[PDB]
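Step one of this worksheet: look at the structure below.
All Cβ positions, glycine included, derive from the backbone under ideal geometry; neighbour counts span all protein chains shown. Bear in mind that the values in this text are calculations on the coordinates, not laboratory data.
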Amino acid sequence: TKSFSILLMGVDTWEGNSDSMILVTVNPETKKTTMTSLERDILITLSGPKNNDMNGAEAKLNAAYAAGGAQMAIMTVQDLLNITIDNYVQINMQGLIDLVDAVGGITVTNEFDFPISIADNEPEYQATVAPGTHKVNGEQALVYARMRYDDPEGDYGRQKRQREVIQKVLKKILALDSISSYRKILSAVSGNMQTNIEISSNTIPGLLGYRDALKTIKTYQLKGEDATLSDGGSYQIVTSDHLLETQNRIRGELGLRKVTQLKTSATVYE
C-alpha cells in the first residue's frame, strides 16, 4: 500500500528497439493511476553503465534502449524526470496480443472513415479494425496501436492510441476477482514479457493489493516542438515549462516534494 513508479516499454525483439516509453504512477491511497507517454524523438544526454560507448552522448530517447537495454532506458528516463523509478516492464508484440486475448479483448473506436491496416507495410499483421466502435482481439489491438500515418503528426495519435489500449486492458484487470484469473494472464504472457518485479505464487496476490489504483486512470503526453535533423529526420526539444509541470505532476502522484528548479539530462532550448 505505497505509491510506486513503473516504466513500461514495448520492444520489437531482450535487445531490439523501443516502440513506446510510458511512465506509470500507481497510488493505492488516492485510488489513481497516471500514464505519461514520453516522446521517443526527445533529444537527451543518455545515462548508462560507464562500460558503455553511448553513456554521455546526446541522442534521441529511443536510443537508450538500443544501446544498453532496459537498464539504460531506466537510467536515461530517471535523469530526464529527476525521480527514481522503482520497476520496469518490457513487453514485445506477441506479448501485447496474448495479454489483450487473456483479458477477453477490448473496445476501440476507429475515428477515420477507412479500416485500419498495416499489412501493406508489415505483412506479419494482416488484421484490420473497421470504422466505428467494435470489440477487438489482440491482433486487431496491436494494429490499432502500431498504425502510424508516417506524418510529423504520426506518433501523437499513435501515442494516444497506445495509451488507450493499455488503459482499456487495465480496466479489464480491475474487474477480475480471482487470483487464478491473474495467474492465467501471467502464464499467457510468460515468454514475451520481462520485469524487475518478482513473479511467483508469493506475488500474484500481493499485486491485487493495488487494484484500487485502477479506479481512476488519467492519461498524459510529454511534448514540445518538432524540429529537423541534418539527415532530414525529426527531433523535439522540450519547453522547460512543459517539462517541470510534468516532473511535478508525477512527483505529486508519487508522494514527493514539488521541485523548485529543473534538473534534467534533456536538452532544453536554453
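Using the Kirkwood radius over Cα pairs, work out the Stokes-Einstein diffusion coefficient for region 1-146 at 37 °C and 0.692 mPa s, in µm²/s as a whole number. Please list the in-between numbers first.
On the way: Rh = 16.9 Å.
Value of D from the Cα-based Kirkwood radius: 194 µm²/s.
Taking a 32 Å limit on the Cα-Cα distance, which of the listed pairs 50/172; 2/171; 60/172; 50/218 fall beyond it? Present the calculation step by step, with values, prior to reporting the outcome.
Numbers: 50/172 42 Å; 2/171 21 Å; 60/172 34 Å; 50/218 37 Å.
Result: 50/172; 60/172; 50/218 exceed 32 Å.
Relative contact order of region 93-191: what whole-number percent is it, with Cα pairs under 8 angstrom and at least 6 residues apart?
Numbers: 122 pairs, mean separation 32.0, N = 99.
Contact order relative to length: 32 percent.
Using the number of other C-beta atoms within 10 angstrom as an exposure proxy, rank 122, 153 with the fewest first.
Working: 122 14, 153 10.
Arranged by neighbour count, lowest to highest, 122, 153 become 153, 122.
Suppose every K and R has +1 on its Cβ and every D and E has -1 on its Cβ; what is the size of the dipole of region 32-105 about the Cα centre, in Debye to the nearest 20?
That gives a dipole near 100 debye.
Projecting each Cα onto the charge dipole of the chain (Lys/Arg +1, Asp/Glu -1 at the beta carbon, about the Cα centre), which of 175, 260, 61 comes out farthest on the positive side?
Positive-end residue among those listed: 175.
Among the DSSP beta bridges whose two residues both lie in region 1-142, what percent are antiparallel, rounded to the nearest 5? List each step's numbers first, then the result.
Values: 24 of 29 bridges.
Given both bridge residues lie in region 1-142, the antiparallel proportion sits at roughly 85 percent.
Just to be sure I understand the curve: with the Debye formula and one point per C-alpha of the chain, what is log10 I(q)/I(0) at q = 0.07, 0.09, 0.16 Å⁻¹?
-0.25, -0.42, -1.39
Restricting the count to DSSP beta bridges whose residues both fall in the chain, what percent are antiparallel, rounded to a multiple of 5? Intermediate values should be presented prior to the final figure.
Numbers: 32 of 45 bridges.
If we restrict to bridges inside the chain, about 70 percent are antiparallel.
Along each of the three principal axes of the Cα atoms of region 93-191, give the extent in whole Å, ordering the values from largest to smallest.
43, 24, 22
If you place +1 on the Cβ of every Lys and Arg and -1 on the Cβ of every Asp and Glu, how big does the dipole about the Cα centre of the chain come out, in debye to the nearest 20? Intermediate values should be presented prior to the final figure.
Values: 27 positive and 33 negative charges, 293 e Å.
Charge dipole, the chain, about its Cα centre: 1400 debye, nearest 20.
Determine the shape class of region 185-270: with a ≥ b ≥ c the square roots of the Cα gyration tensor eigenvalues, call it rounded for a/c under 1.5, and otherwise prolate if a/b is greater than b/c, oblate otherwise.
It is oblate, given that a/c is not under 1.5 and a/b is not larger than b/c.
Note down the magnitude of the dipole of region 93-191 about its Cα centre, charges +1 on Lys and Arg C-beta and -1 on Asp and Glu C-beta and zero elsewhere, to the nearest 20 debye.
Details: 12 positive and 14 negative charges, 123 e Å.
Taking the Cα centre of region 93-191 as origin, the dipole is about 580 debye.
How big is D for region 150-210, in µm² s⁻¹ as a whole number, if Stokes-Einstein is applied with the Kirkwood radius of its Cα pairs at 25 °C and 0.890 mPa s? Present the calculation step by step, with values, prior to reporting the outcome.
Values: Rh = 13.8 Å.
The Stokes-Einstein estimate is 178 µm²/s.
To the nearest Å, what is the center-to-center distance of region 97-112 and region 209-270, using C-alpha atoms only?
About 27 Å separates the Cα centre of region 97-112 from the one of region 209-270.
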